[PDB]
There are 2 protein chains.
Amino acid sequence: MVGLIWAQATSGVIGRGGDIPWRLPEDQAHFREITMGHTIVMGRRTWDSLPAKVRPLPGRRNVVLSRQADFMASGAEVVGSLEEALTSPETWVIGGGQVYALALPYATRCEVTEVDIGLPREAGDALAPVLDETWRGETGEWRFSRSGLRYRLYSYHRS
Amino acid sequence: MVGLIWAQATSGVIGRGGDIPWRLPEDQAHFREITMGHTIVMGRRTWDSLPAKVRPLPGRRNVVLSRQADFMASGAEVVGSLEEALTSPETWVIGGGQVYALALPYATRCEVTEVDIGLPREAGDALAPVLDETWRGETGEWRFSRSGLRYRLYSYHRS
Ligand SMILES: NC(=O)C1=CN([C@@H]2O[C@H](COP(=O)(O)OP(=O)(O)OC[C@H]3O[C@@H](n4cnc5c(N)ncnc54)[C@H](OP(=O)(O)O)[C@@H]3O)[C@@H](O)[C@H]2O)C=CC1
Ligand SMILES: NC(=O)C1=CN([C@@H]2O[C@H](COP(=O)(O)OP(=O)(O)OC[C@H]3O[C@@H](n4cnc5c(N)ncnc54)[C@H](OP(=O)(O)O)[C@@H]3O)[C@@H](O)[C@H]2O)C=CC1
Ligand SMILES: Nc1nc(N)c(C#CC2CC2)c(-c2ccccc2F)n1
Ligand SMILES: Nc1nc(N)c(C#CC2CC2)c(-c2ccccc2F)n1
Ligand SMILES: [Co+2]
Ligand SMILES: [Co+2]
């Protein structure tokens, strides 16, 4: 099973300046629950965004996509193509924009946290992938995060 | 990955008299999308409840649990224990009450449809398993079916 998991503003922005312009603890907890124990695949730019003290993310097989044959990611496996990372029962692609678009053909699940933040898209932003009509979505109820922003969870699925 | 999928009344009833006592087309489409392409595992009574012209379910590896050593199910593998049935990257246990209870200790996901009909538990009814604290799931919003029933979807998981 290949799944994608991400949080986006209502505009579709997922990242800016190489980081993320919000932080919802409830989203962090949902991310940990869904990914724990499984393979996580991230792009090199996303690995670079994690502080060394928190990486690799515990209890998961950390995999980083890079075109650099000598790039070293301490605590992770570095692979030059996405297909080499798909050897577990369950694989979660955790970002960022480039790797979501690369992995979408392999994916059957999309776990989306929509953040109710008014964040118009700007040049250089990373964006969530566009989901065509093959994806069936089940929407959650708008919830309040202790950070003060509302959020809702989406579960998209396709055979 | 071993998942369970079922549709229940609020009371927990999933079946009566060899039948499912409602019609909810959206749930069938949901069930078809989640199980398609994968192994599906079902108890002998649930196999017997499918008219011959509908079984085996298309596009899926149909497995039937029975204690009858010489039980044949044209179009399905017959196995004598749940563990025999579990094999692929992804297996869905699709009923009924006896098989759900047998399979829950091996499950990491439950996909539940709750049907808002006041269907009380009568003796002999097949029941959904009750999920404890260790099962976390986003409650879906209520929806309205073209059958006239209100329903909602839960996606439970445990790490
Ligand atoms: N849920 C959310 O909101 C999330 C947001 N983000 C955000 O996303 C942003 C980063 O995303 P983005 O900029 O798109 O970068 P990515 O994280 O997608 O990483 C891009 C890098 O991946 C490698 N790569 C890309 N395509 C290939 C390929 N075909 N083969 C091999 N390697 C490949 C390259 O590494 P190299 O240069 O080494 O070759 C490339 O530079 C950040 O702002 C981050 O904070 C991240 C994850 C989650
Ligand atoms: N989502 C829903 O609403 C669903 C509803 N249903 C309903 O559920 C009902 C059927 O459920 P239920 O009566 O509980 O029966 P099951 O479908 O669970 O089948 C029971 C049979 O499974 C076999 N079996 C049970 N335990 C084991 C074991 N440990 N090892 C091997 N084989 C075993 C036995 O077959 P044998 O006797 O041959 O040995 C037993 O009779 C029907 O009304 C059906 O419509 C069904 C599926 C889904
Ligand atoms: N829903 C969802 N999906 C995700 N892939 C991520 C990620 C990531 C990359 C490891 C950095 C997050 C997330 C965002 C901000 C803070 C904490 C988080 F877990 N949230
Ligand atoms: N959600 C969910 N889970 C399930 N296991 C099942 C089943 C089954 C056994 C094949 C009969 C259904 C379902 C219910 C009524 C009609 C069609 C359906 F697919 N729905
Ligand atoms: Co599937
Ligand atoms: Co899991």
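Side chains are part of it too, since the values below use all heavy atoms of this structure and drop only hydrogens, waters and symmetry mates. Residue numbering restarts at 1 for every chain, and letters A, B, ... go by the order of the sequence lines.
Atom OG of B:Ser159 is separated from atom CZ of A:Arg60 by 9.0 Å, given to the nearest 0.5 angstrom. Interatomic distance, B:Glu111 CD to A:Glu138 CD, rounded to the nearest 0.5 Å: 9.0 Å. Residue B:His30 holds its NE2 atom at 7.0 Å from CZ of A:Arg136, rounded to the nearest 0.5 Å.
B:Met42 and B:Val112 fall into different hydrophobic clusters, where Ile, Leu, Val, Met, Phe, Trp and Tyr side chains are chained together by heavy-atom contacts under 4.5 Å. Hydrophobic clustering, with ILVMFWY side chains joined whenever heavy atoms are under 4.5 angstrom apart, keeps B:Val64 apart from B:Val93.
Contact of A:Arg143 with chain B is made through the side chain alone, with heavy-atom distances under 4.5 Å. At a 4.5 Å heavy-atom cutoff, the contact between A:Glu90 and chain B is made by side-chain atoms alone.
In the displayed structure, A:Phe144 atom CZ is contacted under 6.0 Å by at most 12 heavy atoms of other residues, nucleotides or ligands. More than 12 heavy atoms of other shown residues, nucleotides or ligands fall within 6.0 angstrom of atom CD in A:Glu33. Open room surrounds CZ on A:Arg45; 12 or fewer heavy atoms of other groups in view lie less than 6.0 Å from it.
Residues B:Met1 and A:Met1 are not in side-chain contact: their nearest non-hydrogen atoms beyond the backbone lie 4.5 Å or more apart.
Most heavy-atom pairs under 4.5 Å with chain A: of the set B:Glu141, B:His38, B:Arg32, B:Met36, this distinction falls to B:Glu141.
The side chain to side chain donor-acceptor pair (under 3.5 Å) check on A:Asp19 picks up nothing, with sequence neighbours excluded.
Across all their heavy atoms, A:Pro89 and B:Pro89 have their closest contact at CB-O, 4.4 Å.
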